[PDB]
Structure formats: C-alpha cells, structure tokens
Amino acid sequence: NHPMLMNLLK
Amino acid sequence: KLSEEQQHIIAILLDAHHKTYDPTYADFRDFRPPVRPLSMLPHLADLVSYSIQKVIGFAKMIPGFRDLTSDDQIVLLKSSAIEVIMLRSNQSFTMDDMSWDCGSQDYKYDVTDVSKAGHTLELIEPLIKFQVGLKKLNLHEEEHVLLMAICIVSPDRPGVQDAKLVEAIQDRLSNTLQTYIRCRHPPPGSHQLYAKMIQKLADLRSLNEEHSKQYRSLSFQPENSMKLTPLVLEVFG
Ligand SMILES: C[C@H](CCC(=O)O)[C@H]1CC[C@H]2[C@@H]3CC[C@@H]4C[C@H](OS(C)(=O)=O)CC[C@]4(C)[C@H]3CC[C@]12C
C-alpha cells in the first residue's frame with residue numbers, strides 16, 4: 001500500500 | 001578467520017554506505033532552511049525524508065536483500081528507517097557539545113534545535129544518550145555498516161511474511177560481524193563488543209516506539225502534517 005517506497009526499492 | 005564470502009559482504013556494505021552517506025552534507029542546502037516551536041520542522045522533516053531515501057539506497061545493496069519479496073522489503077524499511085537514520089547519524093554526532101555537526105553551523109543540530117520539530121525530551125533525551133553510548137563503542141566503519149544492515153534485515157519486524165529468509169540473510173551478516181570483531185578488532189575495544197552492539201539494536205526499538213508515539217501526536221493535527229513530505233507521510237503513516 002506504499003507506492004513511493006515501492007518505486008524507490010524496485 | 002574471515003571467509004571470502006564475509007570479506008566480500010564487508011566490501012559491499014562499505015561501498016553501499018560511501019554511496020549513500022555524503023560526509024560533506026552537500027545536499028543539506030536543498031532542504032527548506034533551518035529556523036532557530038515547530039520552527040525546525042520544515043528543515044528536519046526534509047532532512048529525515050532525504051535520509052529515508054538514502055537508507056533505502058543502502059538497504060538495496062545489502063547481500064541477500066534483493067532475494068526478499070517486494071512486500072517484505074517494504075515492511076523491513078518502513079519499521080527500520082527511523083532506527084537506521086539514528087544509527088547513521090552517529091557519524092556526525094560529537095560528544096564535545098552533544099550535537100550533530102553536519103558540516104556547518106547552519107547544519108549543526110543540538111538538543112534545542114532537534115526539540116523544535118514537535119518531538120519532546122521523552123524521545124530526544126534517550127536519543128542523545130543512545131548517541132553517546134554508541135559513540136563510546138568506537139566502532140570500525142566495517143562494524144557500523146554491518147550493524148545498520150543487521151538492523152534493516154530483522155526477522156521479527158511486524159508484518160514480515162518470509163521470516164526464515166529474513167533470518168537467513170541476517171545470520172550471514174551477524175556471523176560476518178562476529179568473525180570480523182574476533183579477527184580485526186583488537187582488545188580491549190573488542191570486549192563484549194558484539195553483545196554491546198546487539199544491545200544498541202534493543203535501544204533502537206525503544207526509540208522507534210517513542211518516535212512512533214510522538215509522530216502520531218504531531219501528525220494528528222493537519223497543519224503540522226502539511227509541513228512534512230509525502231515520503232515521510234507514507235513511511236511513518
Ligand atoms: C540530524 C540527524 C542526522 C545527521 C546525520 O545523518 O549525520 C537526525 C538523526 C535522527 C534525527 C531525529 C529523529 C527523530 C525526529 C524525527 C523528526 O522527523 S519527522 C517529523 O518525523 O519526519 C524530526 C525530529 C527528529 C528529532 C530528528 C531530528 C534530526 C535527527 C537528529
């Protein structure tokens with residue numbers, strides 16, 4: 001549920 | 001004796017840290033400026049938000065971390081971020097004047113500065129005592145970066161799915177740290193050093209909890225929330 005965090009991890 | 005695998009882990013975490021912690025603090029200029037009530041909140045919110053991004057960059061380069069699910073990566077970083085920020089901050093912390101000295105007087109933060117961002121002494125007094133105890137350990141950079149990586153890859157964090165893989169990754173790191181202390185850390189500095197480092201991880205859980213509590217209070221009031229960043233709002237909730 002954490003779009004920004006996901007983006008930065010990928 | 002340090003295995004080949006273990007030496008490689010250390011070299012990678014050192015480079016990962018060098019790539020994500022600028023000891024000239026050049027980027028601090030891009031933050032909303034400091035002001036010496038919630039006067040320091042814009043600056044410190046930006047600082048923390050930036051630091052969150054840097055921690056994510058560090059975490060990504062941890063041996064084994066890539067093998068975790070996306071969801072697991074998310075829950076580890078969400079719960080670890082504040083702790084790793086507090087750990088990594090030890091590098092700028094100086095016991096001379098109990099301050100974070102990030103290159104210049106503009107970016108030199110003392111008890112009163114970091115108290116002007118909505119957080120009370122119930123967090124700051126223990127945070128500062130933490131920084132003192134951690135600084136007295138006189139860690140080698142190798143130990144510092146291992147401790148941050150261990151902190152991120154903790155199997156007990158709330159919401160972790162594949163706890164056994166998280167444990168496996170952490171063990172590799174723990175075993176590296178233990179072996180490194182034995183081989184490369186001279187007595188007396190090395191005396192119970194592993195046990196004292198793991199104790200710092202316990203202290204950080206307590207600091208995280210208190211930070212959470214105060215973040216809820218701070219952020220309950222929309223006019224204060226307004227002053228944060230979208231990343232901070234997402235990570236801390
Ligand atoms: C300046 C140093 C970092 C120096 C370095 O990296 O070398 C950092 C490390 C830990 C940080 C503190 C962590 C807890 C608090 C978070 C808060 O932020 S908030 C509203 O939740 O988003 C801002 C105030 C706050 C009290 C922070 C102030 C800035 C500190 C002290």
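In the text below, chain A, chain B and the rest are named by the order of the sequence lines, each starting its count at 1.
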Check: [X] side chain, [Y] main-chain N or O, donor-acceptor pair, under 3.5 Å:
X	Y	value
B:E141	B:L14	no
B:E234	A:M4	yes
B:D30	B:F28	no
B:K135	B:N90	yes
B:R184	B:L2	no
B:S154	B:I150	yes

Beyond-backbone contact of [X] with [Y], side-chain heavy atoms, under 4.5 angstrom:
X	Y	result
B:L207	B:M86	yes
B:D203	B:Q199	yes
B:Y194	B:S174	yes
B:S70	A:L9	no
B:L139	B:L193	yes
B:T94	B:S99	yes
B:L146	B:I9	yes
B:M148	B:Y21	no

Between B:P155 and the options B:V166, B:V160, B:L76, the side chain to side chain contact (heavy atoms under 4.5 Å, CB included) test singles out B:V166
All side-chain hydrogen bond (donor to acceptor under 3.5 Å, both in side chains) counterparts of [X], not counting sequence neighbours:
X	answer
B:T69	B:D72
B:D156	B:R205
B:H8	none
B:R172	B:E5

With salt bridge (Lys or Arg N to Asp or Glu O under 4.0 Å) as the rule and sequence neighbours excluded, what pairs involving [range] come up?
range	answer
residues 101-128 of chain B	B:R36-B:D113, B:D97-B:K108
residues 43-53 of chain B	B:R32-B:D46
residues 211-222 of chain B	B:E209-B:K213
residues 9-18 of chain B	B:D15-B:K19

Hydrophobic clusters here meaning ILVMFWY residues chained together by side-chain heavy-atom distances under 4.5 Å, can you tell me if [X] and [Y] are in one?
X	Y	result
B:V153	B:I12	no
B:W100	B:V35	no
B:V84	B:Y25	yes

What's the spacing between [X] [atom1] and [Y] [atom2] if we round to 0.5 Å?
X	Y	atom1	atom2	result
B:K196	B:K136	NZ	NZ	10.5 Å
B:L173	B:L13	CG	CG	6.5 Å
B:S39	B:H43	OG	NE2	11.0 Å
A:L5	B:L77	CG	CG	6.0 Å
B:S89	B:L134	OG	CG	8.0 Å
B:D171	B:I169	CG	CD1	10.0 Å

The complete set of ring pair (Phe, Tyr, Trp, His ring centres under 6.0 Å) pairs with one or both residues in residues 135-183 of chain B, sequence neighbours excluded, reads B:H17-B:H144, B:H140-B:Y180, B:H140-B:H185
Going by ring pair (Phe, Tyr, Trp, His ring centres under 6.0 Å), name the pairs with one or both residues in residues 218-237 of chain B, residues two or more places apart or in two chains.
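Those involving residues 218-237 of chain B are B:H211-B:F236, B:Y215-B:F236.
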Closest non-hydrogen atom pair, [X] against [Y]:
X	Y	answer
B:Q91	B:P23	NE2-CB, 4.2 Å
B:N208	B:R157	ND2-NH1, 4.1 Å
B:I152	B:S80	CG1-OG, 3.7 Å
B:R29	B:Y107	CA-OH, 3.5 Å
B:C151	B:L201	CB-CD2, 3.7 Å
B:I124	B:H119	CD1-O, 3.4 Å

* Just wondering, are more than 12 heavy atoms of other shown residues or ligands nearer than 6.0 Å to CD in B:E4? -> no
Q. Should the heavy atoms of other residues, nucleotides or ligands under 6.0 Å from CG of A:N7 be counted, would the total exceed 12?
A. yes
Q: Determine, step by step, whether B:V114 and B:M40 satisfy the side chain to side chain contact (heavy atoms under 4.5 Å, CB included) criterion, reporting the C-alpha distance in whole Å, the side-chain angles of both residues, the deciding distance to 0.1 Å, and the verdict.
A: CA-CA 7 Å; B:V114 304; B:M40 281 289 293; over 6 Å; no
Contacts of B:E142 meeting salt bridge (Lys or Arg N to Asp or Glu O under 4.0 Å) (sequence neighbours excluded), chain-then-number -> none
Report all side-chain donor-acceptor pairs from residues 50-66 of chain B shorter than 3.5 Å, counting only partners two or more places apart or in another chain.
from	atom 1	to	atom 2	distance (Å)
B:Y50	OH	B:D27	OD2	2.5
B:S51	OG	B:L47	O	2.8
B:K60	NZ	A:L8	O	3.3

Requested in this report: Report the C-alpha distance between B:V111 and B:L121 in whole Å, list the side-chain angles of each, state the deciding distance to 0.1 Å, and finish with yes or no for side chain to side chain contact (heavy atoms under 4.5 Å, CB included).
Outcome: CA-CA 9 Å; B:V111 55; B:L121 219 55; 4.0 Å; yes
Using side chain to side chain contact (heavy atoms under 4.5 Å, CB included), reason through B:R88 and B:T20 one step at a time and then give a plain yes or no. CA-CA 10 Å; B:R88 75 209 308 270; B:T20 54; 4.1 Å; yes
task: Dump the intermediate steps for side chain to side chain contact (heavy atoms under 4.5 Å, CB included) on B:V235 and A:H2, then the final yes or no.
output: CA-CA 8 Å; B:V235 169; A:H2 296 80; over 6 Å; no
